[PDB]
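Read through the structure below, which is laid out as structure tokens, and then see the notes.
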Amino acid sequence: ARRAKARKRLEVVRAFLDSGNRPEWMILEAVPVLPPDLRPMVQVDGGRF
Amino acid sequence: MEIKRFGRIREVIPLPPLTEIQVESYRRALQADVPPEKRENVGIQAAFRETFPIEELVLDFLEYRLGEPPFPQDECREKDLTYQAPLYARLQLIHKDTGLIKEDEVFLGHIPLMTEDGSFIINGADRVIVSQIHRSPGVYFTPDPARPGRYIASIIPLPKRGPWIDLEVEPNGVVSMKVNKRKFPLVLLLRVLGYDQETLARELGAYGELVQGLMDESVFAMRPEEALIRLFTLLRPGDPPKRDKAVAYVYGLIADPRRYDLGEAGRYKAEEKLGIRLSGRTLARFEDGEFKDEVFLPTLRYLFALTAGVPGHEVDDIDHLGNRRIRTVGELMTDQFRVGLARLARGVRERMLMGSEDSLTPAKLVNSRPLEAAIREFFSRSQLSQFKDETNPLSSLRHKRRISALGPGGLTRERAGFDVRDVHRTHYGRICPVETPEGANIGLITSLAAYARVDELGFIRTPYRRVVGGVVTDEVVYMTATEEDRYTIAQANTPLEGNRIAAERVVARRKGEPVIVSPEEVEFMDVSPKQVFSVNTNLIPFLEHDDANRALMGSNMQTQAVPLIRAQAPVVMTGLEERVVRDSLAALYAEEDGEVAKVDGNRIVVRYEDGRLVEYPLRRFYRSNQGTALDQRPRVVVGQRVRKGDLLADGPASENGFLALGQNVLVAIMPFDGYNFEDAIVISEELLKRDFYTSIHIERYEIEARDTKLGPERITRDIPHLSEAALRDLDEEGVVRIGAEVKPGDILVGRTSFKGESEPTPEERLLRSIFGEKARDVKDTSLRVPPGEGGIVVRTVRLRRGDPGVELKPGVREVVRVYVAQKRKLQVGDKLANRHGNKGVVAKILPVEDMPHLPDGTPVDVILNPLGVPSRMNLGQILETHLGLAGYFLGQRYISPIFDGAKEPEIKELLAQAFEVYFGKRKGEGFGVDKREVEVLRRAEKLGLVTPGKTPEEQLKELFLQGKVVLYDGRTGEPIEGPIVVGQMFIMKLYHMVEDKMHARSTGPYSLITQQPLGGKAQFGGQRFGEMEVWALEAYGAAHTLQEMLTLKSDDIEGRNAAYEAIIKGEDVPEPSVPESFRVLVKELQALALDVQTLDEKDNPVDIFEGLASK
Amino acid sequence: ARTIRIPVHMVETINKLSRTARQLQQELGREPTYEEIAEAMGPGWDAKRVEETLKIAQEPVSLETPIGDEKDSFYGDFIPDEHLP
DNA sequence: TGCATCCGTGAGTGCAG
DNA sequence: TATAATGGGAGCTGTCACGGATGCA
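Chains as they are written, first to last, in the UniProt record's numbering: chain A, 487 to 535; chain B, 1 to 56, 64 to 1118; chain C, 255 to 339.
If you want it as structure tokens, here you go:
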């Protein structure tokens, strides 16, 4: 069961090793923002929004 | 013509008022006709007495009143208003310290009223409030699905008026208690109520098993108020347990009859269950400083004695109809009312303890709006407030009698198992077992049995005649499913002499099981067969020959029957067709005896014996929710001497007062060369000729002229670049002229709108520089007609503002509505059906010369293929024809009661009396037998239909008695190699017409974010090519055809625009680029901090944005 | 609060209409007209000016608002894309 | 170590709407 | 801009079955 969890953890490590992702990147300083057209503000017929 | 009735059952009482569930219920909640003094604390009133009085300064409640409506039902219908009444409430504020008294009557807003037929008008659109079925307040016991010998007990109040509590006895001997999913030992609670260890054995003292197990004095080592704080700990991990706040919590959960209400029903149910009276609808009390339990120990009593063996401790069938109950409309709306009042009180005390504690009134301490919006809400977006079904008058009546197990306070679709949907032994005579929808909602939406009524507690119950000794009384009595189970109840048609039970075996049920028993043993008798079935179901003749699964489609398709201009009542009826028109409050009758003064397509005035000249005007050519002309026509002439209750005008789908959902046609039952295939129907052009299966339809077309930041919108007749042809039917203002013919493309209303920051570009300014016409600044935004629609302009409403009466939503100057009519003949694609579940689409219309016909030259109307019958097992349609044959030659209609109607001998007798008319007429007119009738008879004899060695007339007689007649193909004159079944059948046109459903699109509107085409006919949709379709193309290996559906035809904006140029230019279509919708996917993953990268084979990125996102 | 930010003082006068309209309704037994507001709102207030004040007072609505009692259509799905050609 | 027990994730299609 | 004011308020109930991760005799 120690051998087992060391796998699960090690699978996450070697995940990061082989890709070149930095664990800290699962944290955000700069939150991205999605282009405005993909989340529009529009006037429907009655000039309402 | 003459109307023969069958059936030996003398039905004691009539059908009750079939909207009573909707009218009685509401009026019983308003009481707008009871002198306030004489009102009674139920419904609207009861909510007032609940939320009041508001507590520290104290505001109290005197009385409410209702005013008549600002506008009459029609007025609201036209002007998109609500048919409502003003609600005033007289209040007195008094000061908790000085004796202050102010008293105003403050306006609360408008409550929406219920029309006579039991519906509502909400923003000018009739709607119905569907009763809701739910488990009923009470205490129940149910075996534990884990441990075979232990049983959970459950305590259930009205919804959102208390928490559910379970009393599972754990595997540690001492009993548990669940609340907000928090378990804890029960004893801690009983302590808080003042309980003593001995008065437990003093009361339990039987089950050393657990009576002695429940006791654990780690708890007993406290006074009442001690464990009271002991528990607040257990339900509030973090709140400091001050004795002013712990009493506040439990009280506000278990004794405060202000957020814990067992039903009124819930009192009586657990009352007689646990065998204890009950002060209020409340578990616990606060009386003389501490808590005095009411329910917990009685409940505690039952559960224990069950888990040993005790008598009279049964589990409960939670699906029984003594434990399920109905939230009729009045109750459902009061609930919402108790929620506005609740919010309004949160806001008064707020302004009680801030703003000025002595210079205040009822007037300014109340803001009505929280009430207003709670009502408005229940009526405009509830799941029980439904757009009314007024396709025909039955669809409206069936709606008002519907029953949903779904909704706020009930079941979510996923919540719905089997047991909720099953027919219950107790549905008998209360909820129809046929009328339910096929599909997901099966068994949740159901209908009210025809004789059934919901009592004051909200339980369905059904009538039964009392039989004493062996003789049957006329004393009828309505039983809940619970008292029903007490008796042995014999069947509706057990045979009698006078009022004594003749038979020696009687067919009865005890607790719904079928039992054979002697008449001494019999206590009650069904009232009628009609008492087990829906109203619609009761419209089905020969129901007992129809398999259940298509009686159900026969029931439902009725409500879909389109009102026909030449509509007629069925030649075979059940004896309800008249009541249904009555309660459908669509036909028009006479209020007292008198005489007819005038009569007219528009009004009917009648002089009464009371000297009154009442003038009933006629709702002529009204458009219904579903477009189906709701038209009233007059059925008396000047001078006609009219007794009371006689008819004056026929509603829609009514013919002299019988429900006319379709037309009686001459039906032939045989294959017909393919056009019968798989339920398709073949019809005679003669049906369109004499205007059978023709119906009037109207579509409203609205438009608004609004103030803009770029100018106003003008409703004009001045629309740039348009030819006088394109305007010849518009008045000077831009409205089509009432009485015109409008077809696809035609302007109904010209409208102009100002052009934006695309005021002409160079390409366009220059092009006009050539044509000596400079840029015009307004635009053709007119309202045209959509593809596949059109008709005869019947009417126009023009609402401006600046005119009287009128004021519209902000920023709109004027709105114009134009109603458009269409006469609809039957056509290839429309859907037909008969009351037996037989349905099909008209697939071909032959000219009369091709129709099969009988020897005397008459051609059949309809050819229904026989392959429809055997597997569907709906034989009743077969009887309907045979007796329809007879009636077609004796000029008769018949009334065959359900389950008590015309049997086979009785009809074969009729079929002979008709034979003489059909044939004897012949052998005397100078014509004998025919040569093709003998060739057929040769064949019929081999089949075995006729007795060999018998005269042609003898043998044709024998076939006629069989429903069968000789038939000549009109394409040849040669006979049909066999004798056929020809007869008269009642067959309706359904709401499902090709005209409403043919739609197609080359290209059109698209969707904001996805750039994929919209959906639906009204948007000019595209067709969803879903996952399962994609699979289909995938399996075929149609790569390029799939790619096309995934790019050029949906959202590859480049190659889509690129194609529609290639077609119009005659060049093959361009190979496609990336769907714009995949990009949306990328950017949406970026917005989750995920970096998706298109990569070429050597692993370097590919910019699928062609540099538009790079920097 | 508002998705469309409106100067703190316009917000202030908007609430004015609301509260005065409310008393008017509590007085009349029905909601007031535009003009019954411009009067009780005093001078410089005409019916026109109460109206265009209300339409900017107007809060937008969700493209994902539910269309039907199931949840297989969004109010946004019935909205054409006028911009792109 | 083996087994309760909780938390999270699913639950047909298209059309009308 | 100045009496004094000092810890919230509404839970929502009638599905189910599997797979995984965690707690416990």
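Think of the CB as a built atom: it goes at the ideal place given N, C-alpha and C, for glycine as much as any other residue.
When the options are compared against residue i, the one with the closest alpha-carbon
i: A255 (chain C); options: C:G296, C:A311, C:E306 and C:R276; result: C:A311
i: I983 (chain B); options: B:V801, B:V973, B:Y158 and B:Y596; result: B:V973
i: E336 (chain C); options: B:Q1018, B:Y71, B:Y1067 and B:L1088; result: B:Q1018
i: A732 (chain B); options: B:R713, B:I754 and B:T723; result: B:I754
i: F344 (chain B); options: B:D396, B:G116 and B:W171; result: B:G116
i: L271 (chain C); options: C:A301, C:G283, C:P261 and C:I333; result: C:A301
i: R376 (chain B); options: C:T257, C:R276 and C:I260; result: C:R276
i: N841 (chain B); options: B:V645, B:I159, B:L546 and B:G898; result: B:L546
i: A782 (chain B); options: B:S765, B:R517 and B:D492; result: B:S765
Assumed close pair residue i, residue j - CB separation to whole angstroms, cut-off 8 angstroms
i: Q204 (chain B); j: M222 (chain B); result: 6 angstroms
i: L328 (chain B); j: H406 (chain B); result: With a Cβ gap of about 22 angstroms, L328 (chain B) and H406 (chain B) do not count as contacting.
i: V478 (chain B); j: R507 (chain B); result: 5 angstroms
i: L952 (chain B); j: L966 (chain B); result: 6 angstroms
i: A459 (chain B); j: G436 (chain B); result: 6 angstroms
i: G746 (chain B); j: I799 (chain B); result: 7 angstroms
i: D1059 (chain B); j: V1081 (chain B); result: 7 angstroms
i: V855 (chain B); j: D837 (chain B); result: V855 (chain B) to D837 (chain B), Cβ: 20 angstroms. No contact.
i: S562 (chain B); j: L401 (chain B); result: Their Cβ separation, rounded to whole angstroms, is 10 angstroms, which puts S562 (chain B) and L401 (chain B) out of contact at 8 angstroms.
i: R640 (chain B); j: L655 (chain B); result: Not quite, the Cβ-Cβ distance comes to about 10 angstroms (not below 8 angstroms), so this is no contact.
i: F6 (chain B); j: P536 (chain B); result: About 13 angstroms; that fails the 8 angstroms criterion.
Cutoff 7 angstroms; reference residue i; Cβ partners in own chain excluding five residues on either side
i: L520 (chain A); result: none
i: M880 (chain B); result: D554
i: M486 (chain B); result: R468, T469 and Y471
i: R978 (chain B); result: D857
i: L391 (chain B); result: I136, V137, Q139, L339, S411 and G414
Residues of its chain near residue i, where Cβ-Cβ distance is below 8 angstroms and the 5 sequence neighbours each way are ignored
i: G1028 (chain B); result: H1006, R1008, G1011, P1020, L1021 and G1022
i: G212 (chain B); result: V218
Cutoff 9 angstroms: residue i Cβ touching any chain C Cβ
i: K1072 (chain B); result: no
i: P77 (chain B); result: yes
i: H117 (chain B); result: yes
i: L98 (chain B); result: no
i: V785 (chain B); result: no
i: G533 (chain A); result: yes
i: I1060 (chain B); result: yes
i: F114 (chain B); result: yes
i: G74 (chain B); result: yes
Proximity test, Cβ basis, 9 angstroms: residue i and chain A
i: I1016 (chain B); result: yes
i: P314 (chain C); result: yes
i: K190 (chain B); result: no
Residues of its chain near residue i, where Cβ-Cβ distance is below 6 angstroms and the 5 sequence neighbours each way are ignored
i: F227 (chain B); result: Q204
i: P526 (chain B); result: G477, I508 and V513
i: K605 (chain B); result: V612
Any chain B beta carbon closer than 9 angstroms to residue i
i: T287 (chain C); result: yes
i: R525 (chain A); result: yes
i: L317 (chain C); result: yes
Report task. Scan the region 898-983 of chain B and note each continuous beta strand (DSSP E) run of 3 residues or more that stays entirely inside, going in chain order. Result -> 900-902
Requested in this report: Write down every uninterrupted run of the beta strand (DSSP E) in the region 481-523 of chain B whose length is 3 residues or greater and which is fully enclosed by it, in chain order.
Outcome: 495-497 and 513-517
**Report entry** Contiguous alpha helix (DSSP H) assignments of at least 4 residues, all confined to the region 835-892 of chain B
**Finding:** 875-879
Query - Length-filtered (3 minimum) beta strand (DSSP E) runs lying within the region 284-323 of chain B - result: 291-294 and 297-300
Query raised in the report: Taking the runs of the alpha helix (DSSP H) that are 4 residues or longer, which of them lie wholly in the region 358-388 of chain B?
Result: 369-372 and 376-387
Query raised in the report: What alpha helix (DSSP H) runs, 4 residues minimum, are completely inside the region 525-602 of chain B?
Result: 542-545, 555-565 and 584-590
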